[PDB]
Amino acid sequence: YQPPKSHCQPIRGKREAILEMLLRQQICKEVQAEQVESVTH
Amino acid sequence: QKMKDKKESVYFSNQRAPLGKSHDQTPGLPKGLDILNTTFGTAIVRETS
Amino acid sequence: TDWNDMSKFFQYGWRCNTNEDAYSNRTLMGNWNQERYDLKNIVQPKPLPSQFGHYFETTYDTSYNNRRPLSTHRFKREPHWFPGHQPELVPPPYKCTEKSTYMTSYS
Amino acid sequence: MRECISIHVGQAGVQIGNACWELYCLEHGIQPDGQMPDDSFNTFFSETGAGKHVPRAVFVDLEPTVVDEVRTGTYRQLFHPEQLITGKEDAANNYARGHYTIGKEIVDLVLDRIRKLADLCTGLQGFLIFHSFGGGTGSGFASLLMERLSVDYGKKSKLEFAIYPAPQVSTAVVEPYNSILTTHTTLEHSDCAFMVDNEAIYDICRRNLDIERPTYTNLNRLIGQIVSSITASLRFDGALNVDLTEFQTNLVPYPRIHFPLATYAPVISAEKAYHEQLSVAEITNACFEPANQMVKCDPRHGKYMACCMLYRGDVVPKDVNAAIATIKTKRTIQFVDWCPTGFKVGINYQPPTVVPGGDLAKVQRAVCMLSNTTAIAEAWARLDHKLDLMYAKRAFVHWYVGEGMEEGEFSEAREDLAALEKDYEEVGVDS
Amino acid sequence: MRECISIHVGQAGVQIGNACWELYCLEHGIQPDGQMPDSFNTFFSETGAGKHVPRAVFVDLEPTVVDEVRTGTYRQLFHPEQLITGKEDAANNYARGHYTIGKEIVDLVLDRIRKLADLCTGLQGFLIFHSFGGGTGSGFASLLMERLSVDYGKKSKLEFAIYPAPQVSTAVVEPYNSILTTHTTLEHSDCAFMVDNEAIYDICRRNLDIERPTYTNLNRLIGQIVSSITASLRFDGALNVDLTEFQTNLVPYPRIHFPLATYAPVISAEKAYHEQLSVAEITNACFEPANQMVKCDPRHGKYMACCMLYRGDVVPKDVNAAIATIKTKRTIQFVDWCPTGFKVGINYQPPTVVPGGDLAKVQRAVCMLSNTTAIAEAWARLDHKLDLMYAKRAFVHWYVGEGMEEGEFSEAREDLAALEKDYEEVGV
Amino acid sequence: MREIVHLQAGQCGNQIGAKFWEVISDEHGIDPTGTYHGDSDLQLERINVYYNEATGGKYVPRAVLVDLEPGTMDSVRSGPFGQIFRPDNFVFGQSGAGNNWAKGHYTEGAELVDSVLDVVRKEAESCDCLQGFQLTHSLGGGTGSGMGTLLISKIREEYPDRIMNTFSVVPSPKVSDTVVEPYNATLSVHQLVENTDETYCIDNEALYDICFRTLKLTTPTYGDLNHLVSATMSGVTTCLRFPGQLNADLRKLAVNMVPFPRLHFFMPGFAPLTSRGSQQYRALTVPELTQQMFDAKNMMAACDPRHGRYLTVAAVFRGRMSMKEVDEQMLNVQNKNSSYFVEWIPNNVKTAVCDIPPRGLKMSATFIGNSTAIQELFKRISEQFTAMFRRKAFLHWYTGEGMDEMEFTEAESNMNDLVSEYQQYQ
Amino acid sequence: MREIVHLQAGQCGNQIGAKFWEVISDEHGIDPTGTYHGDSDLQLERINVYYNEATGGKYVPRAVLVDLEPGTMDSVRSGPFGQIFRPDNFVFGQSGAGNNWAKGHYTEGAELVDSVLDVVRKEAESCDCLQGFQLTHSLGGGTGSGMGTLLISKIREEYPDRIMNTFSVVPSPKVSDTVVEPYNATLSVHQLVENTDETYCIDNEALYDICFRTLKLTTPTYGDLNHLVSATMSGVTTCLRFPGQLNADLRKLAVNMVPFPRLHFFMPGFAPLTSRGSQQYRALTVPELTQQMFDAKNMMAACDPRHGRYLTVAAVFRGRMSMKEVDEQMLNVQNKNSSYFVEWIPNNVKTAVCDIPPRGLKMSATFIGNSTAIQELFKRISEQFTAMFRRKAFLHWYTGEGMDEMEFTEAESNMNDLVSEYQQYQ
Ligand SMILES: Nc1nc2c(ncn2[C@@H]2O[C@H](COP(=O)(O)OP(=O)(O)OP(=O)(O)O)[C@@H](O)[C@H]2O)c(=O)[nH]1
Ligand SMILES: Nc1nc2c(ncn2[C@@H]2O[C@H](COP(=O)(O)OP(=O)(O)OP(=O)(O)O)[C@@H](O)[C@H]2O)c(=O)[nH]1
Ligand SMILES: Nc1nc2c(ncn2[C@@H]2O[C@H](COP(=O)(O)OP(=O)(O)O)[C@@H](O)[C@H]2O)c(=O)[nH]1
Ligand SMILES: Nc1nc2c(ncn2[C@@H]2O[C@H](COP(=O)(O)OP(=O)(O)O)[C@@H](O)[C@H]2O)c(=O)[nH]1
Ligand SMILES: [Mg+2]
Ligand SMILES: [Mg+2]
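As documented in the archive entry, the model was determined using cryo-EM at 3.6 Å resolution.

Printed below as a string of structure tokens:
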């Protein structure tokens, strides 16, 4: 029972990950954003 | 290299025996005849109805 | 086909003792014709013949097949009604709703 | 609205079907994807609400690797996938394999497809069968398919387009067995059998065209040409139309004698046609030249009994009749005494369509000969003499018996075809 | 949520729980410190700032096995009061851990269970891991279950108990404790999955390529099985199966709640990736007697109910087809009053591979819970083991000298005989 | 124009009706948010049948989302069409019924009925002229079989003069999910007979055989079958929303379909089902639709009408078709198999033609059929009930929730009386 | 859909199989790591026959690798292409059959035949449609000649309708490697003539002759002979795994090829073999492949066809070519040689033109011949047996194992019956 060795290899490109984050900022910031006179005058 | 190999052997029996074609008929047929659009044989002029 | 109640689980469909449907595509086992008709498979691009391909060409290829690069385009999504419906083929890009018999006849 | 349904069985069926359907898609304005960028296409094509045309043909072959390239090629979007019927393993040059185990497995599928193709047509006139005599499934599966169609439909006409075994050259060893076993069950079921071979078309391609070492496509294109010229009187207007029913009943005198030959007249390249005069009197005696016929036999020893002219292009009748009146004058071409003047003539107003990459030249006149001839009896004599050589030593019999067959059916087939020899030599004697 | 409080008692319990909580930390994103670099609420509870502590309790009467785990890799993960350690062990004596050394530490464990349960909102069950051949996991576990069924009533509890192996064994007084705690656990357990150690030794030597294994190589298998049971309480699936679904479709009678556990794909990395591991060819590996985890054979008895738990990319069509072709086998026998006899569950999460383990990463997994009358032959062995050795009254003086009267041996033996005659009237 | 209130019970019901609302909004031209993005005026003509009007010109379905398991309310909103449902119409408990009709009907399915009834009474009073109700549920669970039947009983007490519809998912004969399926199935069919007007029997195995032999799909999912069920449910309310030459609502179908008040178990079907490779090659004509609509391997129940006789038959058509060849085809399918129809009736086929087809197809049709072969569905449930009840197996779960042994016997007696009632016409 | 399960027994057959899966994998574009890297999609369209696709896109083969001594099975999991096999198909034995038919049949083959039959059945029942088996082995040594013969006998029992292909290694006439070869040869060919369908004989003397006077090499290795054997053995299943204009599978090459069930001993050939120094002076044409195929020095059987007469001839042509050359060459090879064919078969030869050539060649061919002259090969072994057995030379290691003296005489009688029933057709 040793501290586990997370052999984290990327399954995706760096450019696509940057693009995903870049889309996610704007999409999250907008999805959090969707959610004088009387009648006889 | 295979098309080069075929081109070095054009002065060969490839002249008068290709795989699928017959023989290059351009030296036997005059100039640019447009073989697809050519109706060989005589035709009748259809005068005298 | 339906010889008895247990007639299936041996023919096709209900079957778990063959090597079919474990091969991937471009392998031609079992259902492969209906998979190339799928809309996912149509938009997959076709590579050009790139070296040593003059070995692997047949008489059907040099006699009837037309060798030309094919452009790949997406289809505009349309409603599906039954499973396997592919209305995004056929000519009209947008299928307008039909009109009533009164609207066509009385005008 | 006279329509035809084609049945292509086997490798020889599917390849010939590819050639002839390419020719049909090019004769009309049909692209290989099925779109047409006139109503003459009804005989071979249907219509669909998407502006799409589907051929009226079925392809059947238990060996899958002949229809698989059809499915993978550029003609994929033209054919109906449910009209392309494949199996899982071949018949392997055995009548019994294609007639008794997987012969009966797929019959209820092919007959369903034929029935569905028949409900979508109003005036159906006949069935065209494409199969090989010496194959495994063209001899097995087609020979029981036509016997089932003869009981399912009846008053239609069954015409088969058979690749008869060549005299000297041949592919398989057990070809006489399959041939003699498929000609036993077709004699009392099929109506007529226009048959060709492969050696004679080889000689024609070597001589009349300049092409040495041809492939199967260079023969299948000629086969598609003659098959189109037979049906050319259906979809195109002419002076004398010949229907599908009529060349079922003026070539065959007796139902045991329904084996004519085949011949295409202006088989020629661009070079030799470019010098040649192509008059009607010059191409109609090319049909009677023994060099130009798709069955190797010498008709001078034989006796002609019936003939069928099929003309297309710019052809006026009296060139034809002043040409046949010349035919009757020479002593070499000699008919049979019980038949008087026995020609059937048909004129069409459409010249043949050349295929790009093809070898024939676009010409103005064409003649398709279908002639019953007594000289075809020599081919059957050689074939059953070959079986009598093979059957004496019990060669390859064990491959047949252990496959649902019976030793007595070899005898019943050979005693059937020994009567064809004494049939053909009694219709040639002086009456 | 869909939470579950785990109770580990004994050396076997804590050594199983080490591997179990390693797999629980690694299945989610939980580090050994307890930090994430919300489906973890089943096993972990968030604190205010950033830490996820487990919902378990680790009980033992000796400190040479709990002080192992608070001086190791996961010493910061566990709450340092959830690790309850005693001063003196029961020393392979049911009487000691049930009446003498256990009557006065059980109040502390009850308080810790209550303090874990006030943080609880949607409590679903209790997972109890121990062994039948000891003094702590046999006596103190029995006392804990007796008190828990009174303090909580209808709340379900599950049992993962190491049954004594038929041929090999560790202790000598094993049959006495393993019959006494079986008699006690009979009325206070809703389900009890028996596991042997000889059968998992055979599985490790035969299915995996790893031979001369350790207790770790079995505890990883047990942790994988217990992860597949509670997989539907955390992850989405086509067919969710909860713990109320568990005993409703498994036990037909309240006295018959002893199912057999099986894990189908058990293959090392050298042989795993040359196979076409579809659900079809691995769902009939559950019925192989070599893969069974109790050293018995289900072909000696009648199948009564089977629960199939699935992981990964399982399509319901293919499991349905394979199951309906399982019934067309004449080797497997089902009881007559269960015409269908199957319960299925499909989870979308693939099984989580542990680095340094023996298993290989796969896309599909099956956990099988088959209730069979073949477990009656497991009672015959230790029944004969007791009455062959109780007649000379061997090893009795520690039991009768430590808070235990003499009638309990006869009462437990009578209860086991009634169980053996209970499993024989079902098969007819 | 006739309003319809929709009801969903259980996980199977909740995943069937989500796809049903998807296809309903899909043929009415409604985006998942709720706005109208259509092309014609007919799509917005009778949208009050299934929708309300909210602020901003958006539409909300008239549906109630009921299940005991709280986990499946997440799977509806997070689906492809989850935004359109109103969050106040989601009702849910703590724990599932656990495949137990007993606690789905008495213990934990009888204190949440008050909230569901409040929602329905709240919502069915917001419409002009309510036609009736629909229910999608399963017979082999605990929520849709227990709570659903109690819901049907309470609504039938509250609203006796309306119609009640049910698209039941009956236990399949050979493939199965639960070991306790006959216990819930018998005791739900016993409650269905006196409380419903129209019942549809859906078998999962029949849907799989459809997806195998007709659509030629090699690996269908559960949405792959929910799509077929949803296509069928939309085709029986077509004349309620689109105009036509011969309209027919649900009450008129019920009047001309079931002859005696207990024989209301039908077998549904859908006509234009083709493979992917043969839908560019097959022309949708009425002789093509009616040939495979009366084919015995089309209907979504595991009952073969060649074993039985057709009491009455319904066929609701959509599209621009002739009114002579539909009746010609109905007499064509009624006269030649003279032994498959009851003789003491004049006319069995019911023909209704709606003008507007589904957007993209040419023509479509829906099948509804009363057959005496529906009794075979109940023989396999009764046999598995009596094979298990005689050994008192799996019984303490039902007994311990507050039920007696005589309810099982009396429910079995009602099942056998239902079976013997259908045998008079065979 | 016509797949083959491949069997390897003995060290010789195991090395031959290793070279076989070298050649098939570099023909179908399989990496040593198991993936695909080929240059066309026509190679992968018929990967059925030899490869199983596991999870992850790895194409493991249908190889059954069995041997009685592990000293060669570590070398068989070879460098380049030994890791593509699945590890569960390796079936080992402890004590190798040290040149003993009896040890390979009775006391060391029998306990391993039951552990190899289960994996053979597991692979065979997991096929869509099995076509047959190939068993590469030898008749000289112990484990091949005994254990593979026992495997053939057991397989022919449960699959009587399949194809039993064997690629045998008959002992050479000139220089042999062991001495007790005649005993194993005759007791293996006893059960080879009755349980198989097609048998190919491969001598090492003829292979050395080929590697000397055709390829012009001085000191060839065993891998060269194995590559020639694998090249001809890959050439008979081409038309069933690559499209062409005239196709022929293994049953095709049996129906046309054996006239009687017990005359099925073939003798193969390989046409386009040329040296390095003569590489650029020889045009690749049909009249050259046809000339080389019928050359007596081009063949891998010790017997030359000048002594006998061909019963039937097979010739699987490969590459893009024309039919007329094949036809006229086959006609002229019979007309110009009229004294070397049987008169009671009209067409002895059989042609089949595939379209895909081997790797790097443009046009190729594969000869399969059934000559009468193969009776001399068995005559030599019968002569050696009659010279050896009469002094009871090495019967000590056979009779002390579980065999009698009577078993040898039946094998000798079957040899004499095979030889005597070949001279009638001369
Ligand atoms: N003229 C011509 N003959 C062909 C063609 N294709 C095949 N053949 C003939 O077919 C014979 C071989 O038998 P087939 O009919 O092809 O075999 P089969 O019955 O289809 O059974 P399979 O082996 O599965 O193909 C050869 O002798 C050829 O003469 C073709 O395209 N044109
Ligand atoms: N499978 C498995 N079994 C274990 C493990 N640890 C202990 N056991 C079993 O536990 C049995 C005896 O229990 P103990 O290890 O003595 O623990 P206990 O129940 O607390 O008993 P005491 O230590 O005397 O208090 C032995 O027969 C072992 O087979 C383990 O890590 N894995
Ligand atoms: N057609 C269809 N059937 C389903 C679906 N989901 C579940 N089922 C069926 O529903 C049955 C079980 O329903 P269940 O989960 O018990 O409903 P519950 O009462 O809410 O628990 C199973 O036999 C499944 O076959 C679905 O999406 N479509
Ligand atoms: N062509 C060839 N022959 C071999 C090879 N290995 C062994 N042999 C031959 O096989 C004979 C020995 O028999 P063998 O099959 O190896 O014995 P067994 O495997 O124990 O049955 C020798 O005469 C060798 O000539 C090889 O790689 N290639
Ligand atoms: Mg074929
Ligand atoms: Mg301890």
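Next comes the rest of the description.
**Q** With reference to specific residues and values, describe the pairing of strand β12 (residues 364–371) of chain F.
**A** All names here are of chain F. Of all 8 residues in β12, 8 are buried, a share of seventy percent or more. Burial along β12 is two-sided: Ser364, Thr366, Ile368 and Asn370 and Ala365, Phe367, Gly369 and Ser371, pointing in opposite directions, are all buried. Where strand β10 (residues 310–318) and β12 come together, 8 bridges link them in antiparallel fashion. By the bridge assignment, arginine 318 is partnered in β12 with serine 364.

**Q** Can you tell me about the environment of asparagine 347 of chain E, naming the residues and giving the values?
**A** Residues and elements named next belong to chain E. By secondary structure assignment, the location of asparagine 347 is in strand β11 (residues 342–347). Through-space distance from the C-alpha of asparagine 347 to that of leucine 309 is 7.8 Å; in sequence the pair is 38 residues apart. Non-local contacts of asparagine 347, meaning those with residues more than four positions away in its chain, are made with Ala231, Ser232, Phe235, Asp236, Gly237, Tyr310, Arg311 and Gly312.

**Q** Report on the site of ligand 1, specifying residues and quantitative values.
**A** Within the structure, ligand 1 sits among 17 residues, and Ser132, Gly136, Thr137, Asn198 and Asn220 of chain D are positioned closest to it. Proximal residues around ligand 1 fall on chains D and G, making this an inter-chain site. Between ligand 1 and the protein, one listed contact pairs an oxygen atom with a side-chain N or O atom of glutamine 15 of chain D at 3.0 Å. Here ligand 1, which alone exposes 630 Å², has 93% of that area covered by the protein. Breaking the shell around ligand 1 down by element, the ones donating at least two residues are α1 (10–27) and α5 (137–152) of chain D. Across the shell around ligand 1, the residue classes break down as 3 nonpolar, 11 polar and 3 charged.

**Q** Account for the sheet that holds strand β11 (residues 351–353) of chain G, with residues named and values stated.
**A** Note on sheets: strands pair through backbone hydrogen bonds, and any given pair is parallel or antiparallel. All names here are of chain G. Pairing within the open sheet is mixed, and its 10 strands lie in the order β5-β4-β1-β6-β7-β8-β9-β12-β10-β11. Sheet topology places β5 (90–91) and β11 at the edges, where each strand pairs with a single neighbour. Where strand β8 (residues 198–201) and strand β9 (residues 265–270) come together, 2 bridges link them in parallel fashion. Directly across from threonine 199, in β9, lies its bridge partner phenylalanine 265.

**Q** Give a detailed account of the interface of chain D and chain G, specifying residues and quantitative values.
**A** Facing the 38 residues of chain D at the interface are 41 residues of chain G. Carbon and sulfur atoms supply 59% of the area buried between chain D and chain G, which totals about 3700 Å² over both sides. Counting every contact that joins chain D to chain G gives 12 residue pairs in polar contact. Elements with a minimum of two residues in the side of chain D that touches chain G: α1, α2 (67–72), α7 (199–207), α12 (377–392) and α13 (398–401) of chain D. Among the residues making up the side of chain D that touches chain G, the classes are represented as 15 nonpolar, 11 polar and 12 charged.

**Q** Can you tell me about the coordination of the magnesium ion (ligand 5), naming the residues and giving the values?
**A** Coordination sphere of the magnesium ion (ligand 5), protein contribution only: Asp61 of chain D (OD) and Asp61 of chain D (OD), at 2.4 Å. Within the element layout of this structure, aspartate 61 of chain D appears in strand β2 (residues 57–61).

**Q** Can you explain the arrangement of the chains? Please cite residues and give values.
**A** The interface with the most contacts, out of 12 pairs of chains in contact, is the one formed by chains D and G. Between chain A and chain F there is no contact, and the shortest C-alpha to C-alpha distance separating them is 12 Å. Regarding chain B and chain F, the two do not touch, and the least distance separating their C-alpha atoms is 33 Å.

**Q** Got a sec to walk through the coordination of the magnesium ion (ligand 6)? Specific residues and values, please.
**A** Bound to the magnesium ion (ligand 6) on the protein side are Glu62 of chain E (OE) and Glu62 of chain E (OE), at distances that span 2.1 to 2.2 Å. Structurally, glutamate 62 of chain E can be placed in the loop between β4 (56–60) and β5 (83–85).

**Q** So, the packing of aromatic side chains: which residues are in play, and what are the values?
**A** Counting across every chain of the model gives 99 aromatic pairs over all chains. Ring geometry for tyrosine 164 of chain D versus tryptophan 380 of chain D: centroids 4.9 Å apart, planes at 80°, classification edge-to-face. Of the two residues, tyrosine 164 of chain D sits in the loop between β5 (157–163) and α6 (175–182) while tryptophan 380 of chain D sits in helix α12, which places them 216 residues apart along the sequence. No difference in accessibility class separates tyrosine 164 of chain D from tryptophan 380 of chain D, as the two residues are buried. When the ring of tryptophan 21 of chain G is compared with that of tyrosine 51 of chain G, the centres are 5.5 Å apart and the planes differ by 85°; the resulting orientation is edge-to-face. Highlighted residues: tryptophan 21 of chain G in helix α1 (residues 10–27) and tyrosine 51 of chain G in strand β2 (residues 51–53), separated in sequence by 30 residues. Exposure remark for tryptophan 21 of chain G: the relative accessible area of 0% places this residue in the buried category.

**Q** Can you tell me about the sheet that holds strand β6 (residues 130–138) of chain F, naming the residues and giving the values?
**A** Residues and elements named next belong to chain F. On the basis of which strands lie adjacent, the open sheet formed by 10 strands has the order β5-β4-β1-β6-β7-β8-β9-β12-β10-β11 and mixed pairing. The open sheet terminates on both sides in strands that have one partner only, identified here as β5 (90–92) and β11 (349–354). Neighbour-to-neighbour, the strand axes of this sheet turn through a mean angle of 20°, independent of strand direction. Bridge count between β10 and β11: 6 bridges; the pairing is parallel. What sits directly across from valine 316, in β11, is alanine 352. Contacts between helix α11 (residues 325–335) and the sheet are confined to β10 and β11, with β11 contributing the most and set at about 155° to the helix.

**Q** Explain α5 of chain D to me, using residue names and the numbers behind them.
**A** Residues and elements named next belong to chain D. Spanning 16 residues, α5 covers 21 Å between terminal C-alpha atoms, matching the ideal 22 Å at 1.5 Å per step. Residues of α5 that are buried include every one of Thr137, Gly138, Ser139, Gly140, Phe141, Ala142, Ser143, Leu144, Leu145, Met146 and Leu149, and no others. Directly after α5, the chain includes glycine 154, whose backbone phi takes a positive value near 90°.

**Q** Lay out helix α4 (residues 136–152) of chain E in plain terms, naming residues and giving numbers.
**A** Across the 17 residues of α4 of chain E, 13 count as buried, placing the element largely inside the fold. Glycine 153 of chain E occupies a position one or two residues after α4 of chain E and carries a positive phi of about 75°.

**Q** Talk me through the pattern of salt bridges; I want residue IDs and the actual numbers.
**A** A complete count under the given rule lists 74 salt bridges over all chains for this structure. Where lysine 116 of chain D meets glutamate 288 of chain F, a salt bridge forms, and the shortest distance between an N and an O atom there is 3.8 Å. Taken together, the residues span two chains, with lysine 116 of chain D in helix α4 (residues 107–119) and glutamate 288 of chain F in helix α10 (residues 286–293). For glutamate 288 of chain F, a relative accessible area of 22% puts it in the partly exposed group. Between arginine 256 of chain D and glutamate 188 of chain D there is a salt bridge, with its nearest N and O atoms 3.8 Å apart. Of the two residues, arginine 256 of chain D sits in the loop between α8 (217–235) and β7 (263–264) while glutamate 188 of chain D sits in the loop between α6 and β6 (192–196), which places them 68 residues apart along the sequence. Taking relative accessible area as the criterion, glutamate 188 of chain D reaches 44% and is therefore assigned partly exposed. Among the charged side chains, a salt-bridge network with shared partners connects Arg15 and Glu20 of chain C together with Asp128 of chain G.

Quick notes on the rules
- Residues numbered from 1 in each chain as written, not as in the entry; some residues may be left out.
- Chains lettered and ligands numbered in written order.
- Part of a larger assembly, values for the part shown.
- Heavy atoms only, no water.
- Buried < 20%, exposed > 50% of the residue type's maximum accessible area, 1.4 Å probe, protein only.
- Helix = DSSP H or I, 4+ residues; strand = E, 2+ residues; numbered from the N terminus.
- Pairing = 2+ DSSP bridges.
- Contact = heavy atoms within 4.5 Å.
- Near = heavy atom within 4 Å.
- Polar contact = N/O pair within 3.5 Å; in protein donor to acceptor, adjacent residues only side chain to side chain.
- Areas by Shrake-Rupley, 256 points an atom, 1.4 Å probe, with all protein chains shown as cover.
- Nonpolar A, V, L, I, M, F, W, Y, C, P; charged D, E, K, R; others polar.
- Buried area = accessible area lost by both parts, 1.4 Å probe.
- Donors = N, O, S within 2.8 Å, 3.2 Å for Na, K, Ca; no water.
- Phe/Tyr/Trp six-rings, centres within 6.5 Å; stacked < 30°, edge-to-face > 60°.
- Axes fitted to C-alpha atoms, helices over the stretch in contact; angles between N-to-C directions.
- Expected span 1.5 Å × (residues − 1).
- Salt bridge = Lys/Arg side-chain N within 4 Å of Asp/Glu carboxyl O.

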